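Chemist: Below: the sequence, then the experimentally determined structure.
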Amino acid sequence: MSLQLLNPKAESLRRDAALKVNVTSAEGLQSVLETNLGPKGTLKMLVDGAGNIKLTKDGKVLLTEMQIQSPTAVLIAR
Amino acid sequence: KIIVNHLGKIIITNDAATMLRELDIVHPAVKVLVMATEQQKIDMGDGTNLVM
Amino acid sequence: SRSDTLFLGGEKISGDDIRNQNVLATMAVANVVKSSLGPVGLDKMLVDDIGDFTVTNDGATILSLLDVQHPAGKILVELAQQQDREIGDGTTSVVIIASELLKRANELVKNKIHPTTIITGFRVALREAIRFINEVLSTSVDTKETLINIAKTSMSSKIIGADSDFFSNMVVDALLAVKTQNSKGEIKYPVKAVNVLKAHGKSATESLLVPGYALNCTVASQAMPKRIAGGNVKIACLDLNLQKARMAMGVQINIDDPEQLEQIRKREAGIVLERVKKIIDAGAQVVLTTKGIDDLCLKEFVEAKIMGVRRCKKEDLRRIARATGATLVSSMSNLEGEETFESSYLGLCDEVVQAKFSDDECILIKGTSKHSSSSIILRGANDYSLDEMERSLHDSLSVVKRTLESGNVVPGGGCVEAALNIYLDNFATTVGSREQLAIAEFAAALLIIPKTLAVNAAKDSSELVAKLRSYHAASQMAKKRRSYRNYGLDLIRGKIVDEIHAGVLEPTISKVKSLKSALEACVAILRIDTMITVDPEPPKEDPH
Amino acid sequence: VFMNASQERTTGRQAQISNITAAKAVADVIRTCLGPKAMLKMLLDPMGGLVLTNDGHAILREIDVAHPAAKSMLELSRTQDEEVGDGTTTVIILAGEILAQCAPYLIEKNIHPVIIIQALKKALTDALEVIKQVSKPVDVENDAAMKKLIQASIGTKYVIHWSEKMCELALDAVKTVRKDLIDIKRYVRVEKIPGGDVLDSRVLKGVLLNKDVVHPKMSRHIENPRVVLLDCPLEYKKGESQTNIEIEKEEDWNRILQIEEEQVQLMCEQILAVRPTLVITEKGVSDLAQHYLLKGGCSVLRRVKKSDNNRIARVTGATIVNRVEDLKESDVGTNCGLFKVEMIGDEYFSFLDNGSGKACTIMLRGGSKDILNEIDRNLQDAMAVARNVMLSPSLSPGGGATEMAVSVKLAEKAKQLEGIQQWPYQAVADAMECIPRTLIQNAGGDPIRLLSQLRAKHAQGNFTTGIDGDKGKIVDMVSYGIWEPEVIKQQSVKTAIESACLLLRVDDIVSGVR
Amino acid sequence: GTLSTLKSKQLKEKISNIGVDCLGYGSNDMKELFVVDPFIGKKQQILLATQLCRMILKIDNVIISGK
Amino acid sequence: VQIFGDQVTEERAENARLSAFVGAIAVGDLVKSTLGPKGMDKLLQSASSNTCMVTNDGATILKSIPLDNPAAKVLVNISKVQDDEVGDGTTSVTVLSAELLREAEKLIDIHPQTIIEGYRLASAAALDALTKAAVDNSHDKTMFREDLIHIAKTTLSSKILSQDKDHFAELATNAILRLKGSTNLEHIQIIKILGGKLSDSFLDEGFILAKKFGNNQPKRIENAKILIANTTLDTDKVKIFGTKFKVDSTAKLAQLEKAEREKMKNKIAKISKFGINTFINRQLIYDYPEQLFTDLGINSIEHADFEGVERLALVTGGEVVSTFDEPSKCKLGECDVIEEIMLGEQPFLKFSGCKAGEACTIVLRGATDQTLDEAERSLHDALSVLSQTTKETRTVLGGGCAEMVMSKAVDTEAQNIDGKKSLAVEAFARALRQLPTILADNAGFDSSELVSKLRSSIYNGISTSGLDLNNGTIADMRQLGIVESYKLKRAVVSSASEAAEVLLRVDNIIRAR
Amino acid sequence: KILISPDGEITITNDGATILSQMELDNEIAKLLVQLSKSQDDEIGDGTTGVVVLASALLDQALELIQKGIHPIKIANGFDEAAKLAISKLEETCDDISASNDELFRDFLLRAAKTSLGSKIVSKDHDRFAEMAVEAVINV
Ligand SMILES: Nc1ncnc2c1ncn2[C@@H]1O[C@@H](COP(=O)(O)OP(=O)(O)O)[C@@H](O)[C@H]1O
Ligand SMILES: Nc1ncnc2c1ncn2[C@@H]1O[C@@H](COP(=O)(O)OP(=O)(O)O)[C@H](O)[C@H]1O
Ligand SMILES: Nc1ncnc2c1ncn2[C@@H]1O[C@@H](COP(=O)(O)OP(=O)(O)O)[C@H](O)[C@H]1O
Ligand SMILES: Nc1ncnc2c1ncn2[C@@H]1O[C@H](COP(=O)(O)OP(=O)(O)O)[C@H](O)[C@@H]1O
Ligand code: BEF
Ligand code: BEF
Ligand code: BEF
Ligand code: BEF
């Protein structure tokens, strides 16, 4: 009923929740690129919607070639 | 009496030959007395009601 | 927006929209039956959405068949059926007054008047309005002659209007002649009335009144006499249900050692007949039960040539026994020990003949010990009419009762409703200021009726009402009589005419109970400004 | 079997009452906006209409009513803005209120419309006289007579707080054209600039416009310049008809090239031989077209809006000349006192200041894109009340006054003329109070006490006495700066009633299908 | 209107009898015009609205779940 | 019934007020956390481009929000309005509104259309006093620069780039200096590249065109005398057009030589013009740079329209029309031209000492490819404030001084009118009083006790003062250098109580889908 | 106000403590408001409506308070302090200047209902109602 708007299909992750969604994803891109540093590190095989295979340890590679929807994440990916 | 065209236009008249002009009838019999008033308004201006 | 509570299905309208929706909802139920009233008025037909029809001019019954959607409308329907209780007639009209009171009241708050001021503007105009009735109705206490006038005015604006004069007396006479009771030192005519039937087919005018009741029943066995007349007849209204007899429940029957299952089988029937005879032995010219007689107990009432009626109307055997002096017996036992019956229980009539009325036959009971029995058996073309003819009856019988139960009567025909119109506004407007504009509308709202009595006639009648004004205003003002007032509308022929000079006359009571309740209804809605309407209980429709 | 299935018909009292009481709808909505305590409305048509104009027309246009007896009001209004600017709202009030007070007779009757119709038909033309009696041009005649007739109009609009400015604003532009003693009401130009405020609206005493560019090195401003209204494309626009250049020989191409170049090269020089400072054309020159003229110190112009350039010649006295090779020296416009490019909002306007020039272009600034427009339409209702204040120096003492005065007249005549014509006479009479009614209801001061005391006085005199809520109570609107042009009050009644009878001339209504 | 004028009559006559009377359409004395209500009436009302506000004001978060 | 055809909704009176008053504040609470360096930025994701914007700019913060409500979308206009006219403060231009009308809402318990009369007359008294307290001068370019920096600073603060506040405040005040008063801010283009770090964002006295010299040519230039040619270095042909048919077979024997020659006139026309470098609107055929490279003439094919002029108005060398028609008299006096070596593509350069000025305030910030945007729009918010002071010498102190002086002044008048319209006045003040209050929320100081504290000081001092966000002392803004231009803080005030008017007059509405 | 029951019954009444209950509510807190209205009825029996319009103003200004860095809890008891002062001031205003009569005087007991009887559907018919109530109570 309200509307209360704002608008439909839109959402306001505000304040601390914003603080969450903000922080709570930045380190998300951690567990993804953690492997790459250190000579003892290991690589990652990336697939896509076009049925292709990438197995390389570079980060720009594992961050550009990724699908992410949390601003901070994409931001660090940037 | 007001009449709203099949196109939505609004029309008001006293003339009976026009009332029917804007009216979509179905009755083959009524069609006749309508053809009358209409087949007069053209030949003679007034008198379209005394027809019907 | 909102948030407020609570949707969906639960909503509320505010101030203006409601005060309007309320007025519209009232003019709705009102404007439908606004044609009915007045001799010039007609009847209507309502369809049972299954083909079935029902022709009626009654406003009450007509509004019931409408269905009354909404609180404001149904509120009028409720006010309608109130009128029958007060009176019996005018239901068609009371609704109008009310509706007009709101219509105008709101048209005042729409002028930023505020309801409180208005709700009082009526509160007062009403009291003073009755104070004017004190001048009109009083002179109508003295004027059987003027009783047939009231019963006749209850015919017009009705189907039986064409045969008014004829049925005018059939109405009066049954109540006046044969319908009087007395409870706790009070004399009154049946507010539950006197049995009236309908005869399919036959002549209009030839509706047979009866010098007795008309119990609608058929002879139990064909072997019984179809009539027993002469004089001093033995009537018996027995609600004993003397048909058969089965063991008293909870009293099981286990036999042994016999060989005696038969020794009491008949004994079960014996005790029945033993009571049947005990009653037949006191008179038994005619037996009238409510429960019913049995085939194995009719043969006994048959051989004795005693007319027996299986399972009659309980509401009848009472009214019948009350006139024949009999006593509607309940249980056989009278004190202990008693069988029992006493010739002092039987009734006193003259004829008990089972008449015929077109593919149908009902038993009549002519003459009684106490001469108080009347039954009007109508007769017309179709059920469609013969029923409505009864509506005009139930609605006319009443007008008389109310009259004969209150010495004061009133010059109807738009007369009273006209005097008030002029009298309050010209003479009520002492307070002035704003309250005046209220009183004013309360008087103006009264013209609503006289108006429609005229508008009912296709012809321009805007003037016929204008005259009724100047005339009535003449009683006092403006700018030893002879009083030139007290006239009224002659809908039949255009132009004013003294109503008292005419058969027309309505019971004062009717002009009050209707003027009063029409106000309360109006008020109750005036106070309204917000209608919260919460949705009902929906079907589970659970996705799980 | 006729009639065709299906098309609705209302024969009887139905259309007779369900058209008046149906017209009353739209006439019940607008009946709140009028006068000092105004009630402006907002509405979102299909898509984001988001428009808030108090112009009764502007309102009744968005309702897009579909009902016949209602689209009559959306018509009886539309006309107003053709004859008289303001008053558009007040017409409907009566237009309906009449229909309204026609119900009582029509219902307790037993009275054919024809009777009611002519019954008002008289009262109408009767009132038209009383009005023509009151206007008086011009006791204390002054150029302020128009100015205060506008403060009666702008009053109670979305500009009233800042109105004394938008007052002198309107008058000025109006008095720039030769309509005194005839001239259009178009020449004043109303421009829309994004950001800003009502108070920050500029009254350019010349022209205004923006245009596409290709090189900014041009001079941004020039004092007392020479302006050529060219109207041509110079880049290299292809010939109208199928223009082609078939060739022969090796060394001819270049000849054609240098020829083409030459053709335009010349035209450009031609402009120079006019000694202008700013070339303003209605078509497109881009590229070298600008380049050269800019080197000479002239701000080239992209084709200037049609109705734009048509203002510039008159202000500058120049005459638009679609031909370049016959450009005379008496066709240019120098009237421009100072032409600059002072940037405003997110845009950049080229204003030609300065005057002896007809189109007093107004560059109206706003704070909201839905308000800049509510001010525009809030001056169209003014500039016109000014125009009519000039055309006829006859002024009606408005403010619910001319109404309360007409009423007493009609009410006076009706009594002598008693009969079935007395009521309908006392109709337009009573219904004439429609204005002073909610005119006060909107404010708040008690209306009933006010008119019961206004009539009680206006009746014994006070012929031009209206309801002035400035101090509460009521007084002669003739003393205060309350002046409504004649045409408004007069023409409106004749119009509001024209429909107040048409909708009674109605028997039934027959519809159609899609 | 009446509020302002009540403030005065309040400070002047210790709001002892002054108030708003709908009938009088102004500001006469409640007692003078026999307008009376029990001492509990308006005292047991405040005690509630306050102890109530407390409750509501103590609320910081609303979650839902089957009780 | 009709009407025009439902489904159409209709809201009138009481609720239509709340839903609008409460409807606006809805926007205001979120909007406010953007005042003073203790200010926040909000993220804004766009459906389509699926890229997000992070910055804090009231105009953009709301211009990037899909909002259904008319009363809200309305505010979103106010912001997008001041941003245009003024440039800064847009973040707050609504704050005083939502509060203002929330005030009006409570006051509405009392006719509305009259409340507008107060807020337009009483906040006019405020508007007046604020002019009185204003401090003009000086007009010596010696003093100006020191004020403009203080302005750019106070504005550039609270924006991601505040870190090196000076670094930017300098960027701004410079580009503003060039082009006297008052000139359009459309010639100085803010170009941005994704380059490692922050503060590597210098101001450029030339242009930074995208294009890189054609072929294997020199990357630098001495005593640059560039050339502004228009026509492409290709064999010409009339625009009307024509066809050339080789009727003669021997005609081609000469036609072929006509080719190489009809463009060799480009080289001859170049050396003769004394020009050293070149660049053309339209493109040049591979048959040209070849000749250019051997000669050492530099090739710069294709340049944007507005860039063709930037390179021009930089050296004032006139935009040449067609090759060989160009006078050596017209040439570009460029100090230098180089190819900066960014990752991937590298832009060319047109440095100028004056210069000229067609500033290009290029900003890098590799740190975050979406911070440049976040930043280069704050540099702007600076620029447009450093300009308003030139056009309007008037300036006033912030930190809550602005509102303090008004609410203080307005305050007295309200107690004098002793009119219902007068209470209106008092709110107009309490709305302003709200701005500093809110400014405290963010810094951390208690509001209630901070305004009362602040209002006493205006009396002791009057009207210099304000509330310190960070530095101690609760010191006067003139001391701490916390000031912004005066006309800006006017438009803000008026422009708000404007929408406060229109929006407070609506009463009823009608909405379709 | 008219109240259409979820069942169907119609209610028209001035008892705001019944009116509030009748009008379905969602917000759990709004619900709270209902009981505090139904309380004044079980306690005193009047002012079922007035107490609600109070619970508003208070909560509505505690709004204004929180909005200015005033702690909720500080307002809770902070208000409750003004509560006990109000319920006490009510005596210092009826000790005193006005009245506190309980018996032997109908001139007031009736006038208590006359005001009480007044301002309801029975406004017009109260005379009989007012006295009747008083008499029907004072005798128990
Ligand atoms: N006094 C009158 N003057 C003119 N026409 C009248 C007068 N009285 C009645 N009428 C009617 O008006 C005309 C007919 O109405 P009309 O709608 O024009 O029918 P039609 O156009 O088919 O002839 C006359 O011929 C007549 O019947
Ligand atoms: N002959 C009459 N002429 C004018 N008015 C009459 C006449 N008879 C009755 N009335 C008035 O108008 C009547 C309207 O009919 P009504 O009684 O309401 O419905 P019904 O008669 O069908 O029950 C009243 O009963 C009465 O007061
Ligand atoms: N250093 C400061 N100390 C106190 N108040 C300040 C200071 N700097 C700015 N302010 C105030 O708070 C600011 C809020 O920022 P604003 O220009 O409105 O939008 P944004 O910060 O997003 O560009 C005001 O413009 C100003 O008066
Ligand atoms: N033999 C080694 N012993 C210890 N540290 C090493 C050794 N060789 C390399 N490192 C260091 O370990 C780190 C991690 O590698 P890193 O730079 O993160 O690779 P990348 O950045 O491409 O993911 C140093 O940067 C560096 O390479
Ligand atoms: F006008 Be008529 F009827 F032809
Ligand atoms: F009025 Be009657 F009874 F229909
Ligand atoms: F107002 Be800031 F520059 F966003
Ligand atoms: F609530 Be009141 F006493 F009817």
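Modeler: That came through fine. Numbering: from 1, shown residues only, chains lettered A, B, ... in the order given. Ligands and ions are numbered 1, 2, ... in the order given.

Chemist: Give me the phi and psi angles of the spatially most central residue of chain F.
Modeler: For chain F, the residue nearest the mean C-alpha position is residue F:380 (3.8 Å; Cα atoms, centre = their mean). The phi and psi torsions at residue F:380 (degrees, to the nearest 10) take the values phi -60, psi -60.

Chemist: So which residues of the stretch 101-250 of chain F form helices?
Modeler: With helices called from DSSP state H, counting those that start in this stretch, the stretch 101-250 of chain F shows them at F:112-132, F:141-156, F:165-177, F:249-271.

Chemist: would you list those helices in TSV and tack on distance to residue F:296?
Modeler: Yep, even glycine has a C-beta here, placed from its N, CA and C like the rest. Below are the helices of the stretch 101-250 of chain F laid out as TSV (distance: least, Cβ to Cβ, whole Å):
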stretch	distance to residue F:296
helix F:112-132	62
helix F:141-156	42
helix F:165-177	34
helix F:249-271	10
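
Chemist: Does anything pack onto the longest helix belonging to chain A? Which helices or strands?
Modeler: The residue-count maximum for a helix in chain A (DSSP state H) belongs to helix A:15-26. Applying 3 or more Cβ pairs under 8 Å, 6 or more residues apart in numbering or on different chains; DSSP states H and E, one finds that helix A:15-26 contacts helix A:71-77.

Chemist: Let me know whether the helix it packs on sits next to chain F.
Modeler: Yes - legend: contact between helix A:71-77 and chain F by Cβ under 8 Å from any Cβ of the partner chain is shown at A:71, A:74-75.

Chemist: Show residues contacting that helix.
Modeler: Contact partners of helix A:71-77, identified using Cβ atoms under 8 Å, 6 or more residues apart in numbering or on different chains, comprise A:21-23, A:25-26, A:28-29, A:63-64, A:66, A:68, F:43, F:45, F:52, F:54, F:368, F:370.

Chemist: Buried only: go through those residues for me.
Modeler: Among the contacts of helix A:71-77, those buried by neighbour count (16 or more other Cβ atoms under 10 Å in any protein chain shown) are A:21-22, A:25, A:29, A:63, A:68, F:43, F:52, F:54, F:368, F:370.

Chemist: before we move on, back to that, by neighbour count, which of the residues of helix A:71-77 next to chain F wins?
Modeler: Using other Cβ atoms under 10 Å in any protein chain shown as the neighbour criterion, residue A:71 leads those with 23 neighbours.

Chemist: separation between that one and chain C?
Modeler: Applying Cβ to the nearest Cβ, to the nearest Å, the value for residue A:71 to chain C is 31 Å.

Chemist: rewinding a little: let's have the residues of helix A:71-77 next to chain F in CSV, adding distance to residue C:379.
Modeler: Formatted as CSV, the residues of helix A:71-77 next to chain F follow (distance: Cβ to Cβ, whole Å):
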residue, distance to residue C:379
A:71, 92
A:74, 95
A:75, 98
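
Chemist: Just name the closest of those residues to residue F:96, please.
Modeler: Comparing those against residue F:96 with Cβ to Cβ picks out residue A:71 as the nearest, at 30.0 Å.

Chemist: what's the residue nearest the centre of chain E in contact with, if anything?
Modeler: For chain E, the residue whose C-alpha lies nearest the mean C-alpha position (Cα atoms, centre = their mean) is residue E:42; its distance is 6.6 Å. Residue E:42 makes contact with G:47, G:50, G:90 under the criterion Cβ under 8 Å, 6+ apart.

Chemist: Report the separation between the second one and ligand 3.
Modeler: Between residue G:50 and ligand 3 the distance, using Cβ to the nearest ligand atom, to the nearest Å, works out to 44 Å.

Chemist: Please identify which of the residues of helix A:71-77 next to chain F is nearest to residue F:78.
Modeler: Nearest to residue F:78 among the residues of helix A:71-77 next to chain F: residue A:71, at 26.8 Å, using Cβ to Cβ.

Chemist: follow-up on the earlier one: tell me which of the contacts of helix A:71-77 fall in strands.
Modeler: Among the contacts of helix A:71-77, the ones falling in strands (DSSP state E) are F:45, F:52.
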